[PDB]
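Below: model-v3.cif (mmCIF, C-alpha atoms and all ligand atoms)
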data_coords
loop_
_atom_site.label_atom_id
_atom_site.label_comp_id
_atom_site.auth_asym_id
_atom_site.auth_seq_id
_atom_site.Cartn_x
_atom_site.Cartn_y
_atom_site.Cartn_z
CA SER A 7 -12.94 -19.60 -6.60
CA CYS A 8 -10.42 -16.68 -7.14
CA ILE A 9 -6.88 -17.11 -8.59
CA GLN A 10 -3.99 -15.30 -6.87
CA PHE A 11 -0.92 -13.40 -8.15
CA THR A 12 1.86 -14.31 -5.63
CA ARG A 13 4.03 -11.21 -6.29
CA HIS A 14 1.14 -8.65 -6.27
CA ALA A 15 1.51 -7.38 -2.63
CA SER A 16 5.33 -7.04 -2.96
CA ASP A 17 4.93 -5.19 -6.33
CA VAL A 18 2.33 -2.84 -4.76
CA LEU A 19 4.72 -2.06 -1.84
CA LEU A 20 7.65 -1.55 -4.26
CA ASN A 21 5.58 1.03 -6.25
CA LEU A 22 4.44 2.80 -3.05
CA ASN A 23 8.16 3.07 -2.08
CA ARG A 24 8.95 4.52 -5.56
CA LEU A 25 6.17 7.13 -4.97
CA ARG A 26 7.73 7.92 -1.55
CA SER A 27 11.29 8.32 -3.02
CA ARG A 28 9.89 10.74 -5.68
CA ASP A 29 7.71 12.57 -3.08
CA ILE A 30 4.51 11.73 -5.07
CA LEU A 31 1.13 11.99 -3.25
CA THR A 32 2.87 12.15 0.19
CA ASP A 33 0.33 13.80 2.53
CA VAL A 34 2.12 14.05 5.90
CA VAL A 35 5.47 15.15 7.43
CA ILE A 36 6.62 13.25 10.52
CA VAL A 37 8.87 15.46 12.67
CA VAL A 38 11.47 13.64 14.82
CA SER A 39 13.65 16.16 16.74
CA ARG A 40 15.18 18.42 14.01
CA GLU A 41 14.48 15.80 11.24
CA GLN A 42 11.50 15.67 8.84
CA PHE A 43 10.15 12.57 7.04
CA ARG A 44 7.57 12.72 4.24
CA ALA A 45 5.19 9.76 3.91
CA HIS A 46 1.73 8.47 2.94
CA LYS A 47 -0.72 8.37 5.90
CA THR A 48 -2.27 5.06 4.62
CA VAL A 49 1.12 3.27 4.57
CA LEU A 50 1.97 4.58 8.06
CA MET A 51 -1.46 3.33 9.33
CA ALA A 52 -1.06 -0.09 7.66
CA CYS A 53 2.32 -0.59 9.46
CA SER A 54 1.91 1.08 12.84
CA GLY A 55 -0.64 0.84 15.65
CA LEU A 56 0.32 4.40 16.70
CA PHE A 57 -0.26 5.95 13.23
CA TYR A 58 -3.45 3.85 12.85
CA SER A 59 -4.80 5.49 16.07
CA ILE A 60 -3.61 9.02 15.03
CA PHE A 61 -5.08 9.07 11.54
CA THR A 62 -8.45 7.46 12.57
CA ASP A 63 -8.91 10.36 15.02
CA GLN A 64 -11.53 12.79 13.57
CA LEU A 65 -9.23 15.82 14.35
CA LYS A 66 -5.72 14.39 13.79
CA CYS A 67 -6.73 12.67 10.46
CA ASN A 68 -6.59 16.21 8.91
CA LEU A 69 -3.12 17.25 10.18
CA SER A 70 -0.29 17.61 7.60
CA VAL A 71 2.41 17.63 10.36
CA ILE A 72 2.83 15.07 13.19
CA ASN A 73 5.46 15.64 15.92
CA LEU A 74 6.79 12.54 17.65
CA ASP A 75 7.83 12.31 21.34
CA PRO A 76 11.28 14.10 21.81
CA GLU A 77 12.80 10.79 23.14
CA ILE A 78 12.42 9.26 19.62
CA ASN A 79 15.71 8.92 17.76
CA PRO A 80 15.58 10.14 14.07
CA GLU A 81 17.80 7.24 12.87
CA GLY A 82 15.57 4.60 14.55
CA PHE A 83 12.55 6.23 12.89
CA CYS A 84 14.28 6.34 9.46
CA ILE A 85 15.16 2.57 9.70
CA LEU A 86 11.52 1.81 10.61
CA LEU A 87 10.05 4.04 7.85
CA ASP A 88 12.31 2.20 5.34
CA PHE A 89 11.03 -1.16 6.74
CA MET A 90 7.39 0.00 6.35
CA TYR A 91 7.93 0.63 2.62
CA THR A 92 10.26 -2.35 1.84
CA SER A 93 9.78 -5.24 4.40
CA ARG A 94 13.58 -4.89 5.00
CA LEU A 95 14.92 -4.03 8.45
CA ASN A 96 18.48 -2.62 8.80
CA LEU A 97 19.05 -4.08 12.29
CA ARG A 98 22.62 -3.59 13.61
CA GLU A 99 24.41 -3.86 17.01
CA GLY A 100 24.74 -0.05 17.14
CA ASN A 101 21.06 0.70 16.38
CA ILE A 102 19.07 -2.28 17.85
CA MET A 103 18.23 -0.46 21.12
CA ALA A 104 16.96 2.69 19.29
CA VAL A 105 15.07 0.53 16.70
CA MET A 106 13.30 -1.57 19.44
CA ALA A 107 12.33 1.55 21.48
CA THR A 108 11.01 3.32 18.32
CA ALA A 109 9.09 0.12 17.26
CA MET A 110 7.50 -0.15 20.76
CA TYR A 111 6.38 3.53 20.54
CA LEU A 112 5.12 3.10 16.95
CA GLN A 113 3.40 -0.22 17.96
CA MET A 114 5.07 -2.41 15.27
CA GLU A 115 4.80 -5.76 17.06
CA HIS A 116 6.74 -7.96 14.58
CA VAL A 117 9.77 -5.57 14.69
CA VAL A 118 9.61 -5.51 18.54
CA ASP A 119 9.60 -9.38 18.50
CA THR A 120 12.74 -9.74 16.29
CA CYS A 121 14.61 -7.02 18.32
CA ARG A 122 13.86 -8.91 21.60
CA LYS A 123 15.05 -12.18 19.94
CA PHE A 124 18.30 -10.60 18.59
CA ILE A 125 19.07 -8.92 21.98
CA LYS A 126 18.43 -12.26 23.84
CA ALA A 127 20.95 -14.11 21.54
CA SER A 128 23.77 -11.63 22.49
CA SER B 7 22.80 -6.68 5.54
CA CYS B 8 19.00 -6.17 6.22
CA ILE B 9 16.65 -8.93 7.53
CA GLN B 10 13.24 -9.35 5.87
CA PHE B 11 9.72 -10.03 7.20
CA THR B 12 8.15 -12.36 4.55
CA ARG B 13 4.50 -11.50 5.37
CA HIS B 14 4.99 -7.68 5.61
CA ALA B 15 3.78 -6.71 2.06
CA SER B 16 0.69 -9.00 2.31
CA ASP B 17 -0.14 -7.59 5.82
CA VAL B 18 0.24 -4.00 4.48
CA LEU B 19 -2.16 -4.78 1.57
CA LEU B 20 -4.64 -6.49 3.94
CA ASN B 21 -4.71 -3.33 6.15
CA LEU B 22 -5.11 -1.03 3.12
CA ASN B 23 -8.11 -3.20 2.07
CA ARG B 24 -9.56 -2.88 5.63
CA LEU B 25 -9.20 0.95 5.30
CA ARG B 26 -10.99 0.76 1.90
CA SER B 27 -13.89 -1.38 3.30
CA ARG B 28 -14.35 1.16 6.16
CA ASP B 29 -13.99 4.15 3.75
CA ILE B 30 -10.97 5.48 5.77
CA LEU B 31 -8.64 8.03 4.06
CA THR B 32 -10.15 7.25 0.59
CA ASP B 33 -9.38 10.32 -1.56
CA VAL B 34 -10.99 9.57 -4.95
CA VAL B 35 -14.27 8.30 -6.48
CA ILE B 36 -13.97 6.34 -9.73
CA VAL B 37 -17.18 6.67 -11.78
CA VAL B 38 -18.00 3.75 -14.12
CA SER B 39 -21.34 4.35 -15.91
CA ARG B 40 -23.91 4.84 -13.07
CA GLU B 41 -21.59 3.14 -10.47
CA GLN B 42 -19.19 4.83 -8.01
CA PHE B 43 -16.10 3.26 -6.40
CA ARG B 44 -14.17 4.88 -3.53
CA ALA B 45 -10.43 4.19 -3.35
CA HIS B 46 -6.95 5.43 -2.38
CA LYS B 47 -5.11 7.18 -5.27
CA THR B 48 -1.73 5.62 -4.19
CA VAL B 49 -3.11 2.04 -4.35
CA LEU B 50 -4.71 2.72 -7.77
CA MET B 51 -1.33 4.12 -9.03
CA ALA B 52 0.66 1.17 -7.62
CA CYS B 53 -1.61 -1.30 -9.53
CA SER B 54 -2.49 0.46 -12.77
CA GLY B 55 -0.49 2.16 -15.53
CA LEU B 56 -3.58 4.27 -16.35
CA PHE B 57 -4.06 5.57 -12.76
CA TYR B 58 -0.27 6.06 -12.45
CA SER B 59 -0.42 8.41 -15.51
CA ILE B 60 -3.60 10.21 -14.26
CA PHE B 61 -2.44 10.96 -10.73
CA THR B 62 1.13 12.04 -11.78
CA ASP B 63 -0.49 14.69 -14.00
CA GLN B 64 -0.08 18.13 -12.32
CA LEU B 65 -3.82 18.96 -12.95
CA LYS B 66 -5.51 15.53 -12.58
CA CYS B 67 -3.53 14.68 -9.36
CA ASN B 68 -5.93 17.13 -7.56
CA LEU B 69 -9.25 15.71 -8.84
CA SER B 70 -11.55 13.94 -6.33
CA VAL B 71 -13.68 12.38 -9.14
CA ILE B 72 -12.39 10.38 -12.16
CA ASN B 73 -14.81 9.28 -14.91
CA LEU B 74 -13.83 6.20 -16.90
CA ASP B 75 -14.56 5.60 -20.61
CA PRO B 76 -18.34 4.71 -21.05
CA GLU B 77 -17.35 1.33 -22.65
CA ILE B 78 -15.96 0.18 -19.24
CA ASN B 79 -18.17 -2.38 -17.49
CA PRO B 80 -18.77 -1.63 -13.72
CA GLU B 81 -18.51 -5.35 -12.79
CA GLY B 82 -15.14 -5.75 -14.60
CA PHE B 83 -13.89 -2.66 -12.74
CA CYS B 84 -15.17 -3.95 -9.37
CA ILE B 85 -13.36 -7.35 -9.89
CA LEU B 86 -10.15 -5.46 -10.76
CA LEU B 87 -10.43 -3.01 -7.81
CA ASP B 88 -10.86 -6.06 -5.49
CA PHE B 89 -7.72 -7.64 -7.10
CA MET B 90 -5.73 -4.40 -6.53
CA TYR B 91 -6.46 -4.56 -2.78
CA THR B 92 -6.24 -8.38 -2.27
CA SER B 93 -4.04 -10.05 -5.02
CA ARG B 94 -7.15 -12.24 -5.69
CA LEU B 95 -8.82 -12.23 -9.11
CA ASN B 96 -12.44 -13.48 -9.45
CA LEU B 97 -12.00 -14.71 -13.05
CA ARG B 98 -15.05 -16.59 -14.43
CA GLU B 99 -16.31 -17.73 -17.88
CA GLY B 100 -19.06 -15.08 -17.75
CA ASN B 101 -16.76 -12.16 -16.84
CA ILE B 102 -13.34 -12.98 -18.46
CA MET B 103 -13.99 -10.83 -21.57
CA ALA B 104 -15.06 -7.76 -19.49
CA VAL B 105 -12.15 -8.33 -17.02
CA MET B 106 -9.51 -8.54 -19.85
CA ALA B 107 -10.88 -5.42 -21.63
CA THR B 108 -10.96 -3.45 -18.33
CA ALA B 109 -7.38 -4.66 -17.44
CA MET B 110 -6.10 -3.57 -20.91
CA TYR B 111 -7.68 -0.09 -20.40
CA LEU B 112 -6.34 0.17 -16.82
CA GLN B 113 -2.90 -1.13 -18.02
CA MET B 114 -2.64 -4.06 -15.53
CA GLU B 115 -0.29 -6.27 -17.55
CA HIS B 116 -0.24 -9.37 -15.28
CA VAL B 117 -4.10 -9.56 -15.30
CA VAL B 118 -4.12 -9.14 -19.14
CA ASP B 119 -1.56 -12.04 -19.37
CA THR B 120 -3.63 -14.53 -17.27
CA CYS B 121 -6.88 -13.57 -19.15
CA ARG B 122 -5.16 -14.26 -22.53
CA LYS B 123 -3.87 -17.62 -21.15
CA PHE B 124 -7.32 -18.66 -19.77
CA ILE B 125 -9.09 -17.67 -23.06
CA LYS B 126 -6.46 -19.62 -25.13
CA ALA B 127 -7.08 -22.83 -23.03
CA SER B 128 -10.86 -22.76 -23.87
CA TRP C 1 -0.78 -17.17 -10.55
CA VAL C 2 -1.83 -19.89 -8.03
CA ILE C 3 -4.93 -21.48 -6.46
CA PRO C 4 -4.87 -19.76 -2.98
CA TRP D 1 12.15 -13.12 9.33
CA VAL D 2 14.66 -14.29 6.65
CA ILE D 3 17.99 -13.34 5.05
CA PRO D 4 16.73 -11.84 1.70
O1 LIG E 201 1.94 -4.12 15.09
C1 LIG E 201 1.03 -3.50 14.56
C2 LIG E 201 0.89 -3.07 13.09
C3 LIG E 201 -0.48 -2.44 13.05
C4 LIG E 201 -1.20 -1.91 11.98
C5 LIG E 201 -2.51 -1.38 12.26
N1 LIG E 201 -3.32 -0.89 11.17
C6 LIG E 201 -4.56 -1.36 10.83
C7 LIG E 201 -5.24 -2.38 11.55
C8 LIG E 201 -6.50 -2.71 11.12
CL1 LIG E 201 -7.31 -3.94 12.00
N2 LIG E 201 -7.18 -2.17 10.06
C9 LIG E 201 -6.52 -1.21 9.35
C10 LIG E 201 -5.24 -0.79 9.68
CL2 LIG E 201 -4.49 0.38 8.75
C11 LIG E 201 -3.05 -1.38 13.58
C12 LIG E 201 -2.31 -1.92 14.65
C13 LIG E 201 -1.03 -2.45 14.37
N3 LIG E 201 -0.13 -3.08 15.25
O1 LIG E 202 0.84 -3.30 -15.39
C1 LIG E 202 1.14 -2.27 -14.79
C2 LIG E 202 1.00 -1.96 -13.29
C3 LIG E 202 1.62 -0.59 -13.17
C4 LIG E 202 1.84 0.20 -12.05
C5 LIG E 202 2.48 1.48 -12.25
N1 LIG E 202 2.78 2.30 -11.11
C6 LIG E 202 4.04 2.74 -10.77
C7 LIG E 202 5.20 2.47 -11.54
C8 LIG E 202 6.39 3.03 -11.11
CL1 LIG E 202 7.78 2.69 -12.05
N2 LIG E 202 6.56 3.80 -10.00
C9 LIG E 202 5.46 4.04 -9.24
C10 LIG E 202 4.22 3.53 -9.57
CL2 LIG E 202 2.90 3.86 -8.58
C11 LIG E 202 2.84 1.93 -13.56
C12 LIG E 202 2.62 1.11 -14.68
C13 LIG E 202 2.01 -0.14 -14.47
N3 LIG E 202 1.72 -1.15 -15.42
CL CL E 203 5.86 -4.87 12.39
CL CL E 204 -1.55 -6.63 -12.85
#
Serialized structure, structure tokens:
Amino acid sequence: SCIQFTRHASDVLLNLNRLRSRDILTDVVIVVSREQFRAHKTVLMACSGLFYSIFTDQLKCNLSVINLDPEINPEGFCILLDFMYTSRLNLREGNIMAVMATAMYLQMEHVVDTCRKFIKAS
Amino acid sequence: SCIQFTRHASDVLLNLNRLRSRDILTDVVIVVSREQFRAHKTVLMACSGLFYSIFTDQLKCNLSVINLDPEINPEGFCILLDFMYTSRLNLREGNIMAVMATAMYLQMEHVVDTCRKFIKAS
Amino acid sequence: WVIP
Amino acid sequence: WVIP
């Protein structure tokens, strides 16, 4: 018999993104080639099958630095990290291939699905 | 020119609640009288003006235990912690007064607003 | 607020 | 997915 506040989840995600932009309570650095990205482990886990597996591992859960596979493109990762914290995906002709490949590696099934759909249309 | 995934924020909150239920990456214990509640500091900050103030404080940001004011009712807190992680508020005749008082203390303005509306109707 |  |  609960009541529900429709905008609550969106408002929570908006505040988590504000914490990220101000580097507040970030507890991990994701290294992608020469580029570094600060984030919250819980948000990464909630969005990605790969980060979920990494941070539930009894040894990796305690690492402050995670290095991604050298094939991963820093721009594709940046677009996906922004999507994790906003629900908004900056999908463009020039980045769609790098975004899909990064989403497959990160195990973000809904992003992989829209990339496959957008590629099929063209 | 971004695209948006409508269910993303709700899915993120659902996964954060799953992490809470399994006690994964919880980094704080909230003590309310004899009762203890494990949670994620970032989620508490995203939902509450009080926790936002506490965990942005250069000294308190590093505490693993937070003790609430002894006037705070453990059941009212539990109902509000559940709302933070689900968007669902278990508001009942027998708990509305304790829920409103706890929401005022935690600075959760939308919960305070619906409690005032529900009290006014009766 | 809604009835979910 | 939608146009926001
Ligand atoms: O496409 C995706 C997105 C995703 C997210 C998560 N994260 C969780 C899943 C569960 Cl059941 N509980 C807690 C968490 Cl944080 C796992 C796999 C995938 N695949
Ligand atoms: O009723 C409320 C809910 C709430 C949440 C937060 N938390 C934040 C606010 C901002 Cl601007 N950036 C980041 C965060 Cl985590 C502060 C005050 C209140 N009042
Ligand atoms: Cl996804
Ligand atoms: Cl609220």
* **Expected selection as a list in words for ligand LIG 202 (chain E) within 6 Å, only C-alpha atoms and all ligand atoms** => residues 21, 22, 24 and 25 of chain A; 51, 52, 53, 54, 55, 58, 113, 114 and 115 of chain B
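In this structure, CA of residue 18 in chain B sits 10.8 Å away from atom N3 of ligand LIG 201 (chain E).
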* So which residues are near ligand CL 204 (chain E), meaning at most 12 Å away with only C-alpha atoms and all ligand atoms counted, given back as an MDAnalysis selection string? -> (chainID A and resid 10:15 17:18) or (chainID B and resid 50:56 86:95 105:106 108:121) or (chainID C and resid 1)
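Note that CA of residue 46 in chain A and CA of residue 81 in chain A are 18.9 Å apart.
For the atom pair formed by CA of residue 97 in chain B and CA of residue 37 in chain B, the distance is 22.0 Å, given to one decimal.
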Once chain A has been least-squares superposed onto chain B, matching all their Cα atoms in order, can you return it as a PDB file with C-alpha atoms, keeping the file's coordinate frame?
ATOM      1  CA  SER A   7      22.803  -6.675   5.537  1.00  0.00           C
ATOM      2  CA  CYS A   8      19.000  -6.177   6.215  1.00  0.00           C
ATOM      3  CA  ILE A   9      16.654  -8.928   7.537  1.00  0.00           C
ATOM      4  CA  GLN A  10      13.242  -9.347   5.873  1.00  0.00           C
ATOM      5  CA  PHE A  11       9.715 -10.028   7.203  1.00  0.00           C
ATOM      6  CA  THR A  12       8.151 -12.360   4.552  1.00  0.00           C
ATOM      7  CA  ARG A  13       4.497 -11.506   5.372  1.00  0.00           C
ATOM      8  CA  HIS A  14       4.992  -7.684   5.609  1.00  0.00           C
ATOM      9  CA  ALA A  15       3.782  -6.716   2.060  1.00  0.00           C
ATOM     10  CA  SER A  16       0.689  -8.994   2.312  1.00  0.00           C
ATOM     11  CA  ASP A  17      -0.135  -7.581   5.814  1.00  0.00           C
ATOM     12  CA  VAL A  18       0.238  -3.998   4.483  1.00  0.00           C
ATOM     13  CA  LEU A  19      -2.153  -4.777   1.564  1.00  0.00           C
ATOM     14  CA  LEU A  20      -4.631  -6.490   3.935  1.00  0.00           C
ATOM     15  CA  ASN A  21      -4.714  -3.335   6.157  1.00  0.00           C
ATOM     16  CA  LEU A  22      -5.103  -1.031   3.121  1.00  0.00           C
ATOM     17  CA  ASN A  23      -8.109  -3.204   2.075  1.00  0.00           C
ATOM     18  CA  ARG A  24      -9.564  -2.881   5.626  1.00  0.00           C
ATOM     19  CA  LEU A  25      -9.200   0.947   5.296  1.00  0.00           C
ATOM     20  CA  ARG A  26     -10.986   0.756   1.901  1.00  0.00           C
ATOM     21  CA  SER A  27     -13.892  -1.386   3.301  1.00  0.00           C
ATOM     22  CA  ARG A  28     -14.356   1.162   6.161  1.00  0.00           C
ATOM     23  CA  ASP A  29     -13.985   4.151   3.756  1.00  0.00           C
ATOM     24  CA  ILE A  30     -10.969   5.483   5.766  1.00  0.00           C
ATOM     25  CA  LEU A  31      -8.642   8.027   4.059  1.00  0.00           C
ATOM     26  CA  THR A  32     -10.150   7.247   0.594  1.00  0.00           C
ATOM     27  CA  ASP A  33      -9.383  10.320  -1.556  1.00  0.00           C
ATOM     28  CA  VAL A  34     -10.985   9.570  -4.946  1.00  0.00           C
ATOM     29  CA  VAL A  35     -14.272   8.303  -6.482  1.00  0.00           C
ATOM     30  CA  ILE A  36     -13.973   6.339  -9.728  1.00  0.00           C
ATOM     31  CA  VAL A  37     -17.177   6.672 -11.775  1.00  0.00           C
ATOM     32  CA  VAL A  38     -17.997   3.750 -14.117  1.00  0.00           C
ATOM     33  CA  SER A  39     -21.346   4.344 -15.911  1.00  0.00           C
ATOM     34  CA  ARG A  40     -23.911   4.842 -13.069  1.00  0.00           C
ATOM     35  CA  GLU A  41     -21.589   3.140 -10.474  1.00  0.00           C
ATOM     36  CA  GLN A  42     -19.195   4.831  -8.011  1.00  0.00           C
ATOM     37  CA  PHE A  43     -16.093   3.264  -6.400  1.00  0.00           C
ATOM     38  CA  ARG A  44     -14.173   4.873  -3.529  1.00  0.00           C
ATOM     39  CA  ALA A  45     -10.426   4.192  -3.346  1.00  0.00           C
ATOM     40  CA  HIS A  46      -6.946   5.429  -2.379  1.00  0.00           C
ATOM     41  CA  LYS A  47      -5.113   7.173  -5.272  1.00  0.00           C
ATOM     42  CA  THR A  48      -1.737   5.616  -4.189  1.00  0.00           C
ATOM     43  CA  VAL A  49      -3.113   2.042  -4.356  1.00  0.00           C
ATOM     44  CA  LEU A  50      -4.707   2.714  -7.765  1.00  0.00           C
ATOM     45  CA  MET A  51      -1.336   4.119  -9.029  1.00  0.00           C
ATOM     46  CA  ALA A  52       0.654   1.171  -7.617  1.00  0.00           C
ATOM     47  CA  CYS A  53      -1.612  -1.298  -9.537  1.00  0.00           C
ATOM     48  CA  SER A  54      -2.490   0.464 -12.778  1.00  0.00           C
ATOM     49  CA  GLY A  55      -0.486   2.158 -15.529  1.00  0.00           C
ATOM     50  CA  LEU A  56      -3.576   4.273 -16.350  1.00  0.00           C
ATOM     51  CA  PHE A  57      -4.065   5.573 -12.765  1.00  0.00           C
ATOM     52  CA  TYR A  58      -0.272   6.065 -12.450  1.00  0.00           C
ATOM     53  CA  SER A  59      -0.418   8.411 -15.509  1.00  0.00           C
ATOM     54  CA  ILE A  60      -3.606  10.205 -14.254  1.00  0.00           C
ATOM     55  CA  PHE A  61      -2.439  10.962 -10.731  1.00  0.00           C
ATOM     56  CA  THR A  62       1.131  12.040 -11.783  1.00  0.00           C
ATOM     57  CA  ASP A  63      -0.493  14.692 -14.009  1.00  0.00           C
ATOM     58  CA  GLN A  64      -0.077  18.135 -12.321  1.00  0.00           C
ATOM     59  CA  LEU A  65      -3.822  18.953 -12.946  1.00  0.00           C
ATOM     60  CA  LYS A  66      -5.512  15.534 -12.581  1.00  0.00           C
ATOM     61  CA  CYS A  67      -3.532  14.671  -9.356  1.00  0.00           C
ATOM     62  CA  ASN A  68      -5.922  17.127  -7.564  1.00  0.00           C
ATOM     63  CA  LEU A  69      -9.254  15.717  -8.848  1.00  0.00           C
ATOM     64  CA  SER A  70     -11.554  13.945  -6.325  1.00  0.00           C
ATOM     65  CA  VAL A  71     -13.674  12.382  -9.147  1.00  0.00           C
ATOM     66  CA  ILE A  72     -12.384  10.384 -12.161  1.00  0.00           C
ATOM     67  CA  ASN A  73     -14.813   9.277 -14.913  1.00  0.00           C
ATOM     68  CA  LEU A  74     -13.824   6.199 -16.893  1.00  0.00           C
ATOM     69  CA  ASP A  75     -14.555   5.604 -20.616  1.00  0.00           C
ATOM     70  CA  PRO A  76     -18.342   4.714 -21.049  1.00  0.00           C
ATOM     71  CA  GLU A  77     -17.348   1.325 -22.650  1.00  0.00           C
ATOM     72  CA  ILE A  78     -15.963   0.177 -19.238  1.00  0.00           C
ATOM     73  CA  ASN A  79     -18.169  -2.371 -17.495  1.00  0.00           C
ATOM     74  CA  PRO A  80     -18.774  -1.631 -13.725  1.00  0.00           C
ATOM     75  CA  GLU A  81     -18.509  -5.351 -12.793  1.00  0.00           C
ATOM     76  CA  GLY A  82     -15.139  -5.748 -14.596  1.00  0.00           C
ATOM     77  CA  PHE A  83     -13.891  -2.658 -12.745  1.00  0.00           C
ATOM     78  CA  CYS A  84     -15.175  -3.955  -9.363  1.00  0.00           C
ATOM     79  CA  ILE A  85     -13.368  -7.345  -9.892  1.00  0.00           C
ATOM     80  CA  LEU A  86     -10.150  -5.460 -10.757  1.00  0.00           C
ATOM     81  CA  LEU A  87     -10.435  -3.015  -7.808  1.00  0.00           C
ATOM     82  CA  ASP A  88     -10.861  -6.059  -5.496  1.00  0.00           C
ATOM     83  CA  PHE A  89      -7.727  -7.641  -7.095  1.00  0.00           C
ATOM     84  CA  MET A  90      -5.736  -4.406  -6.528  1.00  0.00           C
ATOM     85  CA  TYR A  91      -6.458  -4.552  -2.778  1.00  0.00           C
ATOM     86  CA  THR A  92      -6.234  -8.374  -2.273  1.00  0.00           C
ATOM     87  CA  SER A  93      -4.042 -10.047  -5.018  1.00  0.00           C
ATOM     88  CA  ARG A  94      -7.151 -12.239  -5.692  1.00  0.00           C
ATOM     89  CA  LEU A  95      -8.817 -12.230  -9.107  1.00  0.00           C
ATOM     90  CA  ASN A  96     -12.435 -13.486  -9.450  1.00  0.00           C
ATOM     91  CA  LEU A  97     -11.998 -14.709 -13.048  1.00  0.00           C
ATOM     92  CA  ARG A  98     -15.045 -16.594 -14.425  1.00  0.00           C
ATOM     93  CA  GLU A  99     -16.306 -17.732 -17.881  1.00  0.00           C
ATOM     94  CA  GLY A 100     -19.062 -15.080 -17.750  1.00  0.00           C
ATOM     95  CA  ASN A 101     -16.762 -12.153 -16.842  1.00  0.00           C
ATOM     96  CA  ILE A 102     -13.344 -12.978 -18.466  1.00  0.00           C
ATOM     97  CA  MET A 103     -13.994 -10.829 -21.575  1.00  0.00           C
ATOM     98  CA  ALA A 104     -15.058  -7.760 -19.494  1.00  0.00           C
ATOM     99  CA  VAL A 105     -12.146  -8.322 -17.014  1.00  0.00           C
ATOM    100  CA  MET A 106      -9.506  -8.542 -19.848  1.00  0.00           C
ATOM    101  CA  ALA A 107     -10.879  -5.419 -21.636  1.00  0.00           C
ATOM    102  CA  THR A 108     -10.963  -3.446 -18.325  1.00  0.00           C
ATOM    103  CA  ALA A 109      -7.386  -4.661 -17.443  1.00  0.00           C
ATOM    104  CA  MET A 110      -6.104  -3.572 -20.910  1.00  0.00           C
ATOM    105  CA  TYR A 111      -7.672  -0.090 -20.401  1.00  0.00           C
ATOM    106  CA  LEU A 112      -6.345   0.162 -16.818  1.00  0.00           C
ATOM    107  CA  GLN A 113      -2.894  -1.129 -18.015  1.00  0.00           C
ATOM    108  CA  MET A 114      -2.642  -4.060 -15.532  1.00  0.00           C
ATOM    109  CA  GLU A 115      -0.285  -6.270 -17.546  1.00  0.00           C
ATOM    110  CA  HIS A 116      -0.235  -9.371 -15.280  1.00  0.00           C
ATOM    111  CA  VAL A 117      -4.092  -9.560 -15.301  1.00  0.00           C
ATOM    112  CA  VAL A 118      -4.113  -9.138 -19.132  1.00  0.00           C
ATOM    113  CA  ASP A 119      -1.562 -12.039 -19.365  1.00  0.00           C
ATOM    114  CA  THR A 120      -3.632 -14.528 -17.270  1.00  0.00           C
ATOM    115  CA  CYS A 121      -6.882 -13.572 -19.152  1.00  0.00           C
ATOM    116  CA  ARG A 122      -5.162 -14.266 -22.536  1.00  0.00           C
ATOM    117  CA  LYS A 123      -3.866 -17.619 -21.144  1.00  0.00           C
ATOM    118  CA  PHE A 124      -7.317 -18.664 -19.772  1.00  0.00           C
ATOM    119  CA  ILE A 125      -9.091 -17.670 -23.054  1.00  0.00           C
ATOM    120  CA  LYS A 126      -6.464 -19.625 -25.128  1.00  0.00           C
ATOM    121  CA  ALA A 127      -7.086 -22.831 -23.032  1.00  0.00           C
ATOM    122  CA  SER A 128     -10.865 -22.756 -23.879  1.00  0.00           C
TER     123      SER A 128
END
* Which residue, A:71, A:9, A:107, A:60, has the smallest gap to chain C when you use all atoms listed in the file? -> A:9
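Candidate residues B:8, B:84, B:72, B:19 were compared for distance to ligand LIG 201 (chain E), and the nearest is B:19, using all atoms listed in the file.
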Centre, x/y/z edge lengths, axis-aligned box for range 37-51 of chain B with 8 Å per side, as JSON:
{"center_x": -12.6, "center_y": 4.6, "center_z": -9.1, "size_x": 38.6, "size_y": 21.1, "size_z": 29.5}
What are the closest atom pairs, with distances in Å to one decimal, for all residues of range 15-121 of chain B lying within 9 Å of range 26-34 of chain A? Consider only C-alpha atoms, order rows by chain and residue number, and present the result as CSV.
residue,atom,partner,partner_atom,distance
B:47,CA,A:31,CA,8.1
B:48,CA,A:31,CA,7.0
B:61,CA,A:31,CA,8.4
B:62,CA,A:30,CA,7.5
B:67,CA,A:31,CA,8.1
* Asked: Nearest to ligand LIG 201 (chain E): which of A:122, A:98, A:85, A:57 is it, counting only C-alpha atoms and all ligand atoms?
  -> A:57
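Using all atoms listed in the file for every distance, the candidate list A:16, A:59, A:43, A:35 yields A:59 as the residue closest to ligand LIG 201 (chain E).
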* **Distance criterion (only C-alpha atoms): nearest to chain C out of B:96, B:70, B:39, B:64** => B:96
File output, range 67-81 of chain B (C-alpha atoms) as a tab-separated table (two decimals), in the first residue's frame:
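selection.tsv was written with the following content:
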chain	number	residue	atom	x	y	z
B	67	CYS	CA	32.88	12.65	5.44
B	68	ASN	CA	35.35	10.07	6.92
B	69	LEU	CA	33.11	8.67	9.70
B	70	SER	CA	31.84	5.06	9.36
B	71	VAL	CA	29.19	5.58	12.11
B	72	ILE	CA	26.60	8.41	12.32
B	73	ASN	CA	24.36	8.74	15.40
B	74	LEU	CA	21.01	10.47	14.87
B	75	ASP	CA	19.22	12.69	17.43
B	76	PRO	CA	17.65	10.43	20.21
B	77	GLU	CA	14.14	11.83	19.37
B	78	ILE	CA	14.31	10.04	15.95
B	79	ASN	CA	12.09	6.96	15.75
B	80	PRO	CA	13.83	3.85	14.20
B	81	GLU	CA	10.65	2.84	12.28
